[PDB]
Every structure is written in C-alpha cells, then in structure tokens.
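First up is the structure itself, then whatever we jot down about it.
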Protein chains: 2
Amino acid sequence: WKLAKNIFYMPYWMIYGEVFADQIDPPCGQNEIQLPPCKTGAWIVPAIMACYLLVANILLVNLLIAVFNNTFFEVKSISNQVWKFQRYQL
Amino acid sequence: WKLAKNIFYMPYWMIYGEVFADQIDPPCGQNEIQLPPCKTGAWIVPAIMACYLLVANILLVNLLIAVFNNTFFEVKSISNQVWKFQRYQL
Ligand SMILES: CC(C)CCC[C@@H](C)[C@H]1CC[C@H]2[C@@H]3CC=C4C[C@@H](OC(=O)CCC(=O)O)CC[C@]4(C)[C@H]3CC[C@]12C
Ligand SMILES: CC(C)CCC[C@@H](C)[C@H]1CC[C@H]2[C@@H]3CC=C4C[C@@H](OC(=O)CCC(=O)O)CC[C@]4(C)[C@H]3CC[C@]12C
Ligand SMILES: CC(C)CCC[C@@H](C)[C@H]1CC[C@H]2[C@@H]3CC=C4C[C@@H](OC(=O)CCC(=O)O)CC[C@]4(C)[C@H]3CC[C@]12C
C-alpha cells in the first residue's frame with residue numbers, strides 16, 4: 001500500500017511551492033563513494049515533472065482564478081439575498 | 001551536454017517556489033576550512049536572479065492571469081455551445 005501513498009505524496013505538495021529539489025534529479029551512476037546505478041528512463045521524470053508543474057501551477061490555478069472571478073458577481077448578489085432571506089429563520 | 005541541462009534546470013524550478021537558497025550566494029574566498037576563491041562577477045548572479053524572479057513570478061504569471069480572466073467569458077460561451085453541438089457526435 002506504500003505505492004498508492006507514493007502516488008499522491010510528493011506531487012500533491014508540489015503544487016504549494018515544495019518541489020523537493022533534492023529528489024528532482026539526484027546524481028547517480030558516478031563516483032563522488034560509489035553512487036547507485038542510474039535507473040533506466042530516470043531522465044524522463046524531471047521532464048514530466050516540468051510539464052506537470054507547468055500545467056498544474058500555471059494553467060489550472062489561474063483558470064480557477066478566472067472561474068472564481070467571472071462568477072463572483074452573480075454569486076455575491078445571490079448570497080446577499082439568501083442571507084437576507086435566512087435572517088428570518090435565524 | 002550538461003551545460004544545456006544546467007541552463008534549464010534551476011531557473012525552471014525557480015518559478016514554483018524553490019529559489020535554491022543555499023546556492024543564491026554561498027560564502028567564498030574566506031576561511032570558515034579554506035573556501036574556494038570567489039569567481040569574478042559572481043555578485044551579478046543574485047542581482048539578475050532578483051530581476052528574473054521579479055519579471056517571471058510577478059509580471060508574466062499575473063499577466064497570464066489577466067489574459068485568462070479577460071478572455072474567459074467568450075471562451076466559456078463558445079465552449080458551452082461547442083459541447084452542445086458535439087453531443088450529437090457523441
Ligand atoms: C475524488 C476527489 C473529489 C476526492 C479524492 C479521493 C481520493 C483521491 C482519496 C480518498 C481516499 C484516499 C485513500 C485513503 C487511504 C489510503 C491508504 C494509504 O496507505 C498507506 O499509506 C499505507 C502505509 C504505508 O505503507 O505507507 C495509501 C493512500 C490511500 C490509498 C488513499 C489514496 C487517495 C484516496 C483514494
Ligand atoms: C519555459 C518553460 C515553460 C519550459 C522550459 C523547461 C524545460 C524545457 C526543461 C526544464 C527542466 C528540464 C529537464 C531537467 C533535467 C533533465 C534530466 C536530463 O537527464 C540527465 O541529466 C541524465 C541523468 C543524470 O545525469 O542525472 C535530461 C534533460 C532533462 C529531462 C531536462 C529537459 C528539459 C527540461 C524539461
Ligand atoms: C518551444 C517551447 C514551446 C517548448 C520547449 C522546447 C525546448 C525548450 C526543449 C525541448 C527539447 C529539450 C532538450 C531535450 C534534451 C536535452 C539533452 C539534455 O542532456 C543532458 O541532460 C545530458 C546529461 C548530463 O550531462 O546531465 C540537456 C537538455 C536538452 C538539450 C533539452 C533542452 C531543452 C529543450 C531544447
């Protein structure tokens with residue numbers, strides 16, 4: 001079950017300004033002490049990290065900003081009128 | 001080819017809240033153990049870092065917020081009508 005935890009753990013905190021910079025692309029397959037060998041296709045992980053961070057943090061958050069902004073006025077008027085209606089129930 | 005990787009590595013993650021604070025301006029050219037000597041013009045790197053972070057994070061992201069916001073209504077109406085058209089194809 002730790003695999004399912006590792007699916008959601010670091011990509012979720014990646015949205016809130018913690019990119020885990022020590023684990024983006026650690027040096028491996030060299031001697032600095034002998035490092036463990038390079039996993040195959042481990043260079044893909046920073047690239048899809050870049051695409052994910054771009055899509056999430058720039059596209060979806062700003063789109064939710066636009067959604068919150070362009071539906072603010074109708075929701076504000078409806079909420080004011082509904083609160084004035086629910087004053088009687090209170 | 002590691003030079004081309006180093007071009008894109010840290011400035012890209014600099015947008016998402018990871019400024020790499022240990023490598024902004026490390027102490028050098030002193031004894032704390034003898035540090036390696038100061039590179040010439042290494043003080044320029046935090047200044048252009050400051051200008052880059054300002055321009056990127058404050059100018060361009062907020063401008064994309066404005067672009068997403070002011071074209072939201074036309075895109076929303078067009079997308080609703082296009083989805084209602086593509087219901088038949090589905
Ligand atoms: C659909 C949207 C609106 C809500 C989000 C729901 C899911 C994305 C959440 C809710 C329940 C969550 C699960 C609740 C419990 C666990 C057990 C957890 O197990 C461990 O951590 C085992 C311990 C370990 O070995 O570390 C792994 C994550 C997981 C599957 C969670 C994965 C994410 C889930 C499916
Ligand atoms: C302006 C923005 C919207 C896009 C520009 C950013 C990307 C084009 C950059 C940022 C991070 C970069 C990646 C950072 C690290 C790597 C790992 C690198 O692989 C290795 O170095 C091998 C393994 C190792 O030596 O540790 C291959 C390039 C790649 C995928 C880079 C490809 C280009 C990326 C995706
Ligand atoms: C134009 C916009 C819309 C898209 C962005 C495209 C480029 C900015 C990307 C796409 C392909 C990328 C290249 C794909 C592969 C590599 C090899 C990579 O090589 C290594 O990492 C060598 C291993 C090492 O020594 O660390 C260095 C980055 C580089 C040149 C990447 C640099 C960034 C590039 C040019």
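Ligands are numbered from 1 in the order shown, residues from 1 within each chain, and chains are lettered A, B, ... in the order they appear in the structure tokens.
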
Report task. Give the residues close to ligand 1, within 12 Å, counting only C-alpha atoms and all ligand atoms; write them as an NGL selection string. Result -> :A and (1-9 or 12)

Proximity of chain B to chain A: per-residue shortest pair, 7 Å limit, only C-alpha atoms, as a Markdown table:
```
| residue | atom | partner | partner_atom | distance |
| --- | --- | --- | --- | --- |
| B:16 | CA | A:17 | CA | 5.4 |
| B:17 | CA | A:17 | CA | 4.3 |
| B:18 | CA | A:17 | CA | 6.6 |
| B:65 | CA | A:62 | CA | 5.6 |
| B:68 | CA | A:66 | CA | 6.3 |
| B:69 | CA | A:66 | CA | 4.7 |
| B:72 | CA | A:66 | CA | 6.7 |
```

Could the residues in this selection be written to a file with N, CA, C and O atoms, as a PDB file, in the first residue's frame?
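Dumped everything to selection-v1.pdb:
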```pdb
ATOM      1  N   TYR B  16       8.479  27.960  -9.249  1.00  0.00           N
ATOM      2  CA  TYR B  16       7.490  27.272  -8.428  1.00  0.00           C
ATOM      3  C   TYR B  16       7.879  27.242  -6.956  1.00  0.00           C
ATOM      4  O   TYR B  16       7.638  26.260  -6.256  1.00  0.00           O
ATOM      5  N   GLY B  17       8.474  28.324  -6.470  1.00  0.00           N
ATOM      6  CA  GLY B  17       8.705  28.476  -5.053  1.00  0.00           C
ATOM      7  C   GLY B  17       9.955  27.829  -4.515  1.00  0.00           C
ATOM      8  O   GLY B  17      10.100  27.733  -3.291  1.00  0.00           O
ATOM      9  N   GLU B  18      10.859  27.372  -5.372  1.00  0.00           N
ATOM     10  CA  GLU B  18      12.127  26.792  -4.936  1.00  0.00           C
ATOM     11  C   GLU B  18      13.240  27.660  -5.507  1.00  0.00           C
ATOM     12  O   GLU B  18      13.617  27.512  -6.673  1.00  0.00           O
ATOM     13  N   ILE B  65      -2.667  35.522 -15.809  1.00  0.00           N
ATOM     14  CA  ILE B  65      -3.910  35.575 -15.041  1.00  0.00           C
ATOM     15  C   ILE B  65      -4.888  36.553 -15.681  1.00  0.00           C
ATOM     16  O   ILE B  65      -6.070  36.240 -15.866  1.00  0.00           O
ATOM     17  N   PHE B  68      -6.144  35.074 -19.007  1.00  0.00           N
ATOM     18  CA  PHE B  68      -7.109  34.010 -18.761  1.00  0.00           C
ATOM     19  C   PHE B  68      -8.435  34.590 -18.302  1.00  0.00           C
ATOM     20  O   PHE B  68      -9.504  34.061 -18.625  1.00  0.00           O
ATOM     21  N   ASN B  69      -8.373  35.681 -17.543  1.00  0.00           N
ATOM     22  CA  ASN B  69      -9.563  36.287 -16.971  1.00  0.00           C
ATOM     23  C   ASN B  69     -10.367  37.052 -18.009  1.00  0.00           C
ATOM     24  O   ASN B  69     -11.593  36.922 -18.075  1.00  0.00           O
ATOM     25  N   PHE B  72     -12.201  34.888 -20.600  1.00  0.00           N
ATOM     26  CA  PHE B  72     -12.908  33.751 -20.031  1.00  0.00           C
ATOM     27  C   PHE B  72     -14.333  33.653 -20.550  1.00  0.00           C
ATOM     28  O   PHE B  72     -14.833  32.547 -20.763  1.00  0.00           O
TER      29      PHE B  72
END
```

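Compared by their closest atoms to ligand 2, and using only C-alpha atoms and all ligand atoms, the residues B:48, B:55, B:75, B:10 rank with B:10 nearest.
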
| message | Based on the backbone DSSP call, show me all residues of chain A assigned helix (DSSP H, G or I), as an NGL selection string. | response | :A and (2-16 or 21-23 or 44-70 or 72-86)

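Note that CA of residue 56 in chain A and CA of residue 11 in chain A are 10.1 Å apart.
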